[PDB]
Amino acid sequence: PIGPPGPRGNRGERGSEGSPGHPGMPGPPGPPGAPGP
Amino acid sequence: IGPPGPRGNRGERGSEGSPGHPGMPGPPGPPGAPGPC
Amino acid sequence: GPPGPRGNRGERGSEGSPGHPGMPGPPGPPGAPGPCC
């Protein structure tokens, strides 16, 4: 009579961390310039 | 005797990876409107 | 009946998803001084 099945294998390694996200949105237009001379 | 039993089951696959780090900040916005007279 | 062999190690988990975009960029430089009317 055949022997019992063998034990289950080990878990695979965790998947690697993902890529970084896209860079941010460009910022707001700057302040208004000072009045002229 | 008894032949050896069956090969065990395939281990469960590892857990899926983490979401990536956030991306870098976006560039500074453009210059402001030219000032008045 | 002897136990069977250990199953193979499970597969590697898949690569995690990309992260969030970066934060919006800083404001720009003040605008140029006004012209000399």
# chains A, B, ... in the order shown; residues from 1 in each chain; ligands from 1

call {"tool": "residues_around", "arguments": {"residues": "range 15-30 of chain B", "least_positions_apart": "4", "cutoff": "8 Å", "atoms": "only C-alpha atoms", "output": "ChimeraX atom specification"}}
result
/A:12-30 /C:12-29

call {"tool": "write_last_selection", "arguments": {"atoms": "N, CA and C atoms", "output": "tab-separated table (two decimals), in the first residue's frame"}}
result
chain	number	residue	atom	x	y	z
A	12	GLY	N	6.51	30.68	-1.27
A	12	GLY	CA	7.43	31.42	-2.12
A	12	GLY	C	7.79	32.71	-1.41
A	13	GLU	N	8.84	33.38	-1.86
A	13	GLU	CA	9.25	34.63	-1.23
A	13	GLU	C	8.36	35.70	-1.61
A	14	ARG	N	8.23	36.70	-0.73
A	14	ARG	CA	7.37	37.86	-0.98
A	14	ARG	C	7.77	38.54	-2.16
A	15	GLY	N	6.79	39.08	-2.88
A	15	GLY	CA	7.11	39.82	-4.09
A	15	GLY	C	7.72	41.15	-3.71
A	16	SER	N	8.59	41.65	-4.58
A	16	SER	CA	9.27	42.91	-4.35
A	16	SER	C	8.44	44.09	-4.38
A	17	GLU	N	8.92	45.13	-3.71
A	17	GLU	CA	8.27	46.43	-3.60
A	17	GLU	C	8.12	47.02	-4.90
A	18	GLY	N	7.05	47.79	-5.09
A	18	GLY	CA	6.80	48.40	-6.39
A	18	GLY	C	7.66	49.59	-6.78
A	19	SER	N	7.52	50.02	-8.03
A	19	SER	CA	8.25	51.16	-8.57
A	19	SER	C	7.75	52.37	-7.98
A	20	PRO	N	8.54	53.46	-8.01
A	20	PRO	CA	8.01	54.69	-7.41
A	20	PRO	C	7.03	55.30	-8.28
A	21	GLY	N	6.15	56.12	-7.72
A	21	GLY	CA	5.13	56.77	-8.53
A	21	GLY	C	5.71	57.84	-9.44
A	22	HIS	N	4.87	58.45	-10.28
A	22	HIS	CA	5.33	59.51	-11.18
A	22	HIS	C	5.69	60.66	-10.43
A	23	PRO	N	6.52	61.54	-11.01
A	23	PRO	CA	6.85	62.72	-10.22
A	23	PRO	C	5.68	63.54	-10.10
A	24	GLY	N	5.72	64.48	-9.16
A	24	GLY	CA	4.59	65.36	-8.95
A	24	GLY	C	4.20	66.31	-10.07
A	25	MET	N	3.10	67.01	-9.82
A	25	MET	CA	2.52	67.98	-10.75
A	25	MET	C	3.31	69.19	-10.71
A	26	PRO	N	3.38	69.93	-11.84
A	26	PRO	CA	4.19	71.14	-11.69
A	26	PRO	C	3.51	72.08	-10.81
A	27	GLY	N	4.29	72.89	-10.10
A	27	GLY	CA	3.72	73.84	-9.15
A	27	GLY	C	2.96	75.06	-9.68
A	28	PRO	N	2.40	75.88	-8.77
A	28	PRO	CA	1.62	77.10	-9.05
A	28	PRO	C	2.40	78.19	-9.55
A	29	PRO	N	1.80	79.03	-10.41
A	29	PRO	CA	2.60	80.15	-10.92
A	29	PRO	C	3.00	80.98	-9.83
A	30	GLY	N	4.18	81.58	-9.94
A	30	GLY	CA	4.69	82.44	-8.88
A	30	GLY	C	3.97	83.76	-8.63
C	12	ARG	N	7.32	32.71	-6.58
C	12	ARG	CA	7.54	34.04	-6.02
C	12	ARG	C	6.39	34.86	-6.26
C	13	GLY	N	6.03	35.68	-5.27
C	13	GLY	CA	4.88	36.56	-5.43
C	13	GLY	C	5.23	37.64	-6.43
C	14	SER	N	4.23	38.18	-7.15
C	14	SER	CA	4.49	39.20	-8.16
C	14	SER	C	4.83	40.51	-7.65
C	15	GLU	N	5.46	41.30	-8.51
C	15	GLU	CA	5.90	42.66	-8.18
C	15	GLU	C	4.84	43.58	-7.88
C	16	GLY	N	4.95	44.25	-6.74
C	16	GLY	CA	3.95	45.22	-6.32
C	16	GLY	C	3.69	46.37	-7.28
C	17	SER	N	2.53	47.00	-7.16
C	17	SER	CA	2.13	48.11	-8.02
C	17	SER	C	2.78	49.37	-7.72
C	18	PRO	N	2.98	50.23	-8.75
C	18	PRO	CA	3.62	51.54	-8.61
C	18	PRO	C	2.98	52.36	-7.63
C	19	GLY	N	3.75	53.25	-7.00
C	19	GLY	CA	3.19	54.12	-5.98
C	19	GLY	C	2.52	55.39	-6.50
C	20	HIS	N	1.96	56.17	-5.58
C	20	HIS	CA	1.25	57.42	-5.90
C	20	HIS	C	2.08	58.43	-6.49
C	21	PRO	N	1.48	59.35	-7.26
C	21	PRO	CA	2.41	60.35	-7.80
C	21	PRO	C	2.95	61.14	-6.73
C	22	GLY	N	3.93	61.98	-7.04
C	22	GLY	CA	4.53	62.83	-6.03
C	22	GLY	C	3.63	64.02	-5.73
C	23	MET	N	4.00	64.84	-4.74
C	23	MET	CA	3.18	65.99	-4.40
C	23	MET	C	3.34	67.05	-5.36
C	24	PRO	N	2.34	67.94	-5.46
C	24	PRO	CA	2.45	69.03	-6.42
C	24	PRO	C	3.58	69.86	-6.13
C	25	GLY	N	4.16	70.44	-7.18
C	25	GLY	CA	5.34	71.28	-7.01
C	25	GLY	C	5.13	72.62	-6.31
C	26	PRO	N	6.22	73.25	-5.84
C	26	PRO	CA	6.22	74.54	-5.14
C	26	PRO	C	5.87	75.62	-6.03
C	27	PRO	N	5.58	76.80	-5.47
C	27	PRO	CA	5.23	77.90	-6.37
C	27	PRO	C	6.41	78.42	-7.02
C	28	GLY	N	6.20	79.10	-8.15
C	28	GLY	CA	7.32	79.65	-8.89
C	28	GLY	C	7.87	80.96	-8.32
C	29	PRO	N	8.88	81.56	-8.97
C	29	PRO	CA	9.52	82.81	-8.56
C	29	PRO	C	8.69	83.96	-8.81

call {"tool": "residues_around", "arguments": {"residues": "residue 4 in chain C", "least_positions_apart": "4", "cutoff": "7 Å", "atoms": "only C-alpha atoms", "output": "list in words"}}
result
residues 3, 4, 5 and 6 of chain A; 4, 5, 6, 7 and 8 of chain B

call {"tool": "residues_around", "arguments": {"residues": "residue 35 in chain C", "least_positions_apart": "5", "cutoff": "10 Å", "atoms": "only C-alpha atoms", "output": "PyMOL selection string"}}
result
(chain A and resi 35-37) or (chain B and resi 34-37)

call {"tool": "atom_distance", "arguments": {"atom1": "CA of residue 2 in chain C", "atom2": "CA of residue 7 in chain A"}}
result
12.0 Å

call {"tool": "decode", "arguments": {"residues": "chain B", "atoms": "C-alpha atoms", "output": "PDB file, in the first residue's frame"}}
result
ATOM      1  CA  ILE B   1       7.281  -2.077   1.888  1.00  0.00           C
ATOM      2  CA  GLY B   2       4.829  -0.036   0.054  1.00  0.00           C
ATOM      3  CA  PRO B   3       6.158   2.332  -2.592  1.00  0.00           C
ATOM      4  CA  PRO B   4       6.833   5.767  -1.463  1.00  0.00           C
ATOM      5  CA  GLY B   5       3.899   7.999  -1.433  1.00  0.00           C
ATOM      6  CA  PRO B   6       3.144  10.930  -3.807  1.00  0.00           C
ATOM      7  CA  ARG B   7       5.073  14.101  -4.003  1.00  0.00           C
ATOM      8  CA  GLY B   8       3.687  16.719  -1.763  1.00  0.00           C
ATOM      9  CA  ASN B   9       1.760  19.774  -2.979  1.00  0.00           C
ATOM     10  CA  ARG B  10       3.276  22.869  -4.400  1.00  0.00           C
ATOM     11  CA  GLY B  11       3.833  25.395  -1.732  1.00  0.00           C
ATOM     12  CA  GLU B  12       1.617  28.480  -1.808  1.00  0.00           C
ATOM     13  CA  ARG B  13       2.973  31.388  -3.669  1.00  0.00           C
ATOM     14  CA  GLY B  14       4.353  34.216  -1.753  1.00  0.00           C
ATOM     15  CA  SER B  15       2.322  37.323  -1.019  1.00  0.00           C
ATOM     16  CA  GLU B  16       2.297  39.982  -3.607  1.00  0.00           C
ATOM     17  CA  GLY B  17       4.545  42.929  -3.256  1.00  0.00           C
ATOM     18  CA  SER B  18       3.892  46.327  -1.702  1.00  0.00           C
ATOM     19  CA  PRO B  19       2.815  49.400  -3.496  1.00  0.00           C
ATOM     20  CA  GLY B  20       5.693  51.487  -4.588  1.00  0.00           C
ATOM     21  CA  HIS B  21       7.031  54.546  -2.752  1.00  0.00           C
ATOM     22  CA  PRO B  22       5.602  57.764  -3.871  1.00  0.00           C
ATOM     23  CA  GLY B  23       7.252  59.640  -6.636  1.00  0.00           C
ATOM     24  CA  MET B  24       9.315  62.812  -6.284  1.00  0.00           C
ATOM     25  CA  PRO B  25       7.750  66.200  -5.984  1.00  0.00           C
ATOM     26  CA  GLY B  26       6.877  68.012  -9.087  1.00  0.00           C
ATOM     27  CA  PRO B  27       8.932  70.989 -10.428  1.00  0.00           C
ATOM     28  CA  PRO B  28       8.370  74.486  -9.310  1.00  0.00           C
ATOM     29  CA  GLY B  29       5.774  76.303 -11.237  1.00  0.00           C
ATOM     30  CA  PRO B  30       6.527  79.098 -13.801  1.00  0.00           C
ATOM     31  CA  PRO B  31       7.300  82.664 -13.077  1.00  0.00           C
ATOM     32  CA  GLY B  32       4.625  85.079 -12.240  1.00  0.00           C
ATOM     33  CA  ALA B  33       3.219  87.760 -14.520  1.00  0.00           C
ATOM     34  CA  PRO B  34       5.454  90.651 -15.121  1.00  0.00           C
ATOM     35  CA  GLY B  35       4.763  93.439 -12.780  1.00  0.00           C
ATOM     36  CA  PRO B  36       2.896  96.693 -13.533  1.00  0.00           C
ATOM     37  CA  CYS B  37       4.263 100.050 -14.175  1.00  0.00           C
TER      38      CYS B  37
END
